[PDB]
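Spelled out, the chains give:
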Amino acid sequence: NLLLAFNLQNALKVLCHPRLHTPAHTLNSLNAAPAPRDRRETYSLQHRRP
Amino acid sequence: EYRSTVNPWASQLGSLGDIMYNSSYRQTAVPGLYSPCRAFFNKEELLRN
């Protein structure tokens, strides 16, 4: 019944890992998805050089 | 598990809370008088068991 203190300092043992800053498995699981979205957007994706 | 110690003046290998109450630094001490902390920092008391 000790009053332990979980601040953000302990959560750095997880949050500061590169597995939380990669999109790679997220991206290929979206690429392996059987259904992508129908309502596509095109307005401000990539910049055309004039 | 979230912090080392609360008293960094009494819980190091040699410090204030050690030098008053280590028998390794109480060489010039008298052999008579009792103190409360002598069972709290004597290394031969905590390691013989």
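Residues numbered from 1 in each chain as written, not as in the entry; some residues may be left out. Chains lettered and ligands numbered in written order. Part of a larger assembly, values for the part shown. Heavy atoms only, no water.

Method of determination, as annotated in the archive: cryo-EM, at 4.2 Å resolution.

A.B. asks: So what exactly am I meant to see when it comes to the overall build of chain A here?
C.D. replies: Across its full length, chain A holds 2 helices and 0 strands. Scaling as 2.2 N^0.38, a compact globule of 50 residues should have a C-alpha radius of gyration of about 10 Å, whereas chain A reaches 20 Å, well beyond that. Residues counted as buried form 2% of the 50 residues belonging to chain A. (Helix = DSSP H or I, 4+ residues; strand = E, 2+ residues; numbered from the N terminus. Rg over C-alpha atoms; globule rule 2.2 N^0.38 Å. Buried < 20%, exposed > 50% of the residue type's maximum accessible area, 1.4 Å probe, protein only.)

A.B. asks: What is the right way to look at the overall build of chain B in this model?
C.D. replies: For chain B, the count of helices and strands is 3 helices and 0 strands. For chain B, the sequential pattern of α-helices and β-strands runs α-α-α. The principal-axis extent of the C-alpha atoms belonging to chain B is close to 40 × 25 × 15 Å. Residues classed as buried in chain B amount to 18% of the 49 residues present. When the accessible surface of chain B is split by element, carbon and sulfur atoms take 57% of a total near 4500 Å². Distance between charge centroids for chain B: 5 Å, based on 5 positive and 4 negative side chains. (Areas by Shrake-Rupley, 256 points an atom, 1.4 Å probe, with all protein chains shown as cover. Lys, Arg positive; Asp, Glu negative; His and termini not counted. Charge placed at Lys NZ, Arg CZ, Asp CG, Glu CD.)

A.B. asks: Please explain the environment of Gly14 of chain B as it appears in this structure.
C.D. replies: Residues and elements named next belong to chain B. As for its placement among the helices and strands, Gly14 is situated in the segment before α1 (16–19). Note on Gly14: relative accessible area 42%, which makes it partly exposed. Separated by 11 residues in the primary sequence, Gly14 and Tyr25 have C-alpha atoms spaced 9.7 Å apart.

A.B. asks: I keep staring at the pattern of salt bridges and nothing clicks. Help me out?
C.D. replies: It is possible for side chains of opposite charge to pair when their charged atoms get near one another. Taken as a whole, this structure holds 1 salt bridge over all chains when the rule is applied. Two residues, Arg37 of chain A and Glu41 of chain A, come together in a salt bridge whose shortest N-O distance is 2.8 Å. (Salt bridge = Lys/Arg side-chain N within 4 Å of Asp/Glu carboxyl O.)

A.B. asks: What is the right way to look at the side chain of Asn42 of chain B in this model?
C.D. replies: Examined against the element boundaries, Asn42 of chain B turns out to sit in the loop between α2 (38–41) and α3 (43–47). In contact with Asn42 of chain B, not counting residues within four places along its chain, are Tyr21 and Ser23 of chain B. (Contact = heavy atoms within 4.5 Å.)

A.B. asks: What exactly am I supposed to notice about the side chain of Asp18 of chain B here?
C.D. replies: All names here are of chain B. Its location among the elements puts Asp18 in helix α1. No salt bridge is formed by the buried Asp18; the nearest opposite charge belongs to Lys43, separated by 8.0 Å. When neighbours within four sequence positions are excluded, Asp18 is seen to be in contact with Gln12, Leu13 and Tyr25.

A.B. asks: When you look at a nonpolar patch on the surface in this model, what are you seeing that I'm missing?
C.D. replies: Residues and elements named next belong to chain A. Among the surface-exposed residues, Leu8, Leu12, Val14, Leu15 and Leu20 lie close enough to one another that they form a single nonpolar patch of about 460 Å² accessible area. Relative to the helices and strands, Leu8 resides in the segment before α1 (12–15). Here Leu8 falls in the exposed class, since its relative accessible area comes to 59%. (Patch = residues over 30% accessible without salt bridge, like charges linked within 9 Å, V, L, I, M, F, W, Y side chains within 5 Å.)

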